[PDB]
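Below, in structure tokens: the form deposited in one PDB entry, a single chain.
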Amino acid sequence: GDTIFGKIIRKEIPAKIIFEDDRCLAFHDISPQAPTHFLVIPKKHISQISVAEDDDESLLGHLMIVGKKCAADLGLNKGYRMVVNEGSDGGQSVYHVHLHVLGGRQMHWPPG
């Protein structure tokens, strides 16, 4: 909640929401790196994947299932890339765990 993603979860700032349930939220990224670029985040404040608990595994998996269902609904039928960044080397921009989903163009290698 002490992050901008917490404000988004609490509906305190605008975000174009794609999907919500009781435990996660998917919304378009404000700084998109592909024609389609959205985030899937848990409502629980996990600061970074490195500190996720064992009992968070189903929740983390849920982010990926939601992400792939959202990608399908957004029409990403030629594919996409999912990304989780950790720490400074990973380029983690917000210390609230987030899954990026990017598509609508060819993604290149290496992935940064």
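Numbering starts at 1 and follows the sequence shown.
A summary of the deposited B-factors shows that, of 46 to 54 and 27 to 35, the stretch with the larger mean C-alpha value is 46 to 54.
Per the PDB record, of the two stretches 75 to 83 and 62 to 70, 75 to 83 carries the greater mean B-factor over its C-alpha atoms.
As recorded in the PDB entry, 13 shows the highest C-alpha B-factor of the residues 102, 13, 94, 99.
The following text describes the form deposited with a small molecule bound, which does not appear among the structures shown.
Contact annotation: residue 24 falls outside 4.5 Å of the small molecule in the deposited complex, judged by heavy atom distances. Using a 4.5 Å cutoff between non-hydrogen atoms, residue 72 does not count as a contact of the small molecule in the deposited complex. Although the partner is absent from this view, residue 30 contacts the small molecule in the deposited complex, with a non-hydrogen atom inside 4.5 angstroms. The small molecule is not drawn, but in the deposited complex it has no heavy atom within 4.5 Å of residue 18.
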